[PDB]
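The block underneath contains the structure these notes are about, expressed in structure tokens.
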Amino acid sequence: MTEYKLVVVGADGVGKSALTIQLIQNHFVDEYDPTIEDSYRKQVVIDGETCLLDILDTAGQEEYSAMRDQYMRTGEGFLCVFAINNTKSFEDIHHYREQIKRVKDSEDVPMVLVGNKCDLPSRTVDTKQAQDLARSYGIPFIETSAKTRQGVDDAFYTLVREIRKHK
Ligand SMILES: Cc1c(F)cc2[nH]ncc2c1-c1c(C2CC2)cc2c(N3C[C@@H]4C[C@H]3CN4)nc(OC3CCOCC3)nc2c1OCc1ccccc1
Ligand SMILES: Nc1nc2c(ncn2[C@@H]2O[C@H](COP(=O)(O)OP(=O)(O)O)[C@@H](O)[C@H]2O)c(=O)[nH]1
Ligand SMILES: [Mg+2]
């Protein structure tokens, strides 16, 4: 009944939509239209307290706009997703954190770094690299696979805990 607005961001193809659909509907999407941006609702019990997650699965191209800022400003907590087999998506994380800090006008914005696709046998972005960056920013790092569900509940529940600390 308490509602939290979560926003999922990250490079094309990292698994923003797969993460969100795995959480909400307990299955893995092979192909979810990369241009569909929408919010999906899911009720969960975290540390014994029921809440409603209202999760904005972002899409878009690479445009800046104040309009997009308004959508982004609705968020209370942000999942910043890269894929462990996509160096460029890891490189893009700093941009996402900078813009979210700007929109939220705060340096402590509830946020989790998510390294998705951890089911894959070869990573180009090592655990050490991601963990170092998360530690610099003062946010948790959680490895996930939207495919197997490994870490998925942990990533979203951690973000909720981060929000609850923030309030
Ligand atoms: C976070 C954020 C914000 F918080 C507030 C905002 N207001 N307006 C946009 C925006 C964004 C935003 C988003 C919003 C989450 C929807 C997605 C992407 C984005 N993506 C969305 C999907 C995956 C990927 C391509 N398709 N990619 C890039 O690429 C960057 C371009 C500049 O060079 C470095 C990389 N920027 C994005 C972006 O910032 C735009 C930008 C912002 C400021 C300056 C230049 C470019
Ligand atoms: N192996 C693997 N593939 C994944 C994982 N998450 C997403 N994918 C795939 O990566 C592609 C992009 O996922 P999608 O969620 O649409 O990415 P988005 O552009 O970030 O919304 C799809 O083919 C997904 O099935 C994961 O954890 N493991
Ligand atoms: Mg998507």
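Residues take their numbers from the sequence shown, with the count starting at 1. One-based numbering, in listed order, for ligands and for the atoms of each.
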Handout entry: For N116, the ligand 2 atoms whose distance to one of its heavy atoms is below 4.0 Å
Key = 5 (C), 6 (N), 26 (C), 27 (O)
Handout entry: Within less than 2.8 Å of the Mg ion (ligand 3): protein N, O or S atom count
Key = 1
Exercise for the section: Report, in ascending order of atom number, the atoms of ligand 2 lying under 4.0 Å from any heavy atom of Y32. Expected result: 16 (O)
Handout entry: Exercise: do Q99 and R102 side chains pair donor with acceptor under 3.5 Å
Key = yes
Polar pairs, ligand 1 vs protein, N/O only, below 3.5 Å.
{"unit_1": "ligand 1", "atom_1": "7 (N)", "unit_2": "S65", "atom_2": "O", "d": "3.3"}
{"unit_1": "ligand 1", "atom_1": "7 (N)", "unit_2": "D69", "atom_2": "OD1", "d": "2.8"}
{"unit_1": "ligand 1", "atom_1": "8 (N)", "unit_2": "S65", "atom_2": "N", "d": "3.1"}
{"unit_1": "ligand 1", "atom_1": "8 (N)", "unit_2": "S65", "atom_2": "O", "d": "3.4"}
{"unit_1": "ligand 1", "atom_1": "20 (N)", "unit_2": "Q61", "atom_2": "O", "d": "3.3"}
{"unit_1": "ligand 1", "atom_1": "20 (N)", "unit_2": "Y96", "atom_2": "OH", "d": "3.2"}
{"unit_1": "ligand 1", "atom_1": "26 (N)", "unit_2": "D12", "atom_2": "OD1", "d": "2.8"}
{"unit_1": "ligand 1", "atom_1": "26 (N)", "unit_2": "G60", "atom_2": "O", "d": "2.9"}
{"unit_1": "ligand 1", "atom_1": "26 (N)", "unit_2": "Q61", "atom_2": "O", "d": "3.2"}
{"unit_1": "ligand 1", "atom_1": "27 (N)", "unit_2": "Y96", "atom_2": "OH", "d": "3.3"}
{"unit_1": "ligand 1", "atom_1": "36 (N)", "unit_2": "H95", "atom_2": "NE2", "d": "3.3"}
{"unit_1": "ligand 1", "atom_1": "39 (O)", "unit_2": "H95", "atom_2": "NE2", "d": "2.8"}

Practice task
Heavy-atom distances under 4.0 Å are what count here, so tell me which part of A146 touches ligand 2: side chain, backbone, both or neither.
Solution key: both
Problem - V7: hydrophobic cluster co-members (side-chain, 4.5 Å) - result: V9, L56, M72, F78, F82, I84, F90, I93, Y96, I100, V103, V109, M111, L113, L120, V125, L133, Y137, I139, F141
Handout entry: Sub-4.0 Å atoms of ligand 2 with respect to non-hydrogen atoms of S145
Key = 27 (O)
Practice task
Taking only heavy atoms of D30 into account, list the atoms of ligand 2 that are under 4.0 Å away from them.
Solution key: 22 (C), 23 (O), 24 (C), 25 (O)
Problem - For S17, atoms of ligand 2 separated by under 4.0 Å from a heavy atom - result: 15 (O), 21 (O)
Exercise for the section: For a side chain to side chain donor-acceptor pair (under 3.5 Å) with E143, tell me which candidate from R123, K117, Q131 qualifies. Expected result: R123
Practice task
Compare every heavy atom of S39 with every heavy atom of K5, then report the nearest pair and how far apart it is.
Solution key: NZ-OG, 2.8 Å
Completion exercise
side-chain contact (heavy atoms from CB on, under 4.5 Å) filter on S122, not counting sequence neighbours, yields none
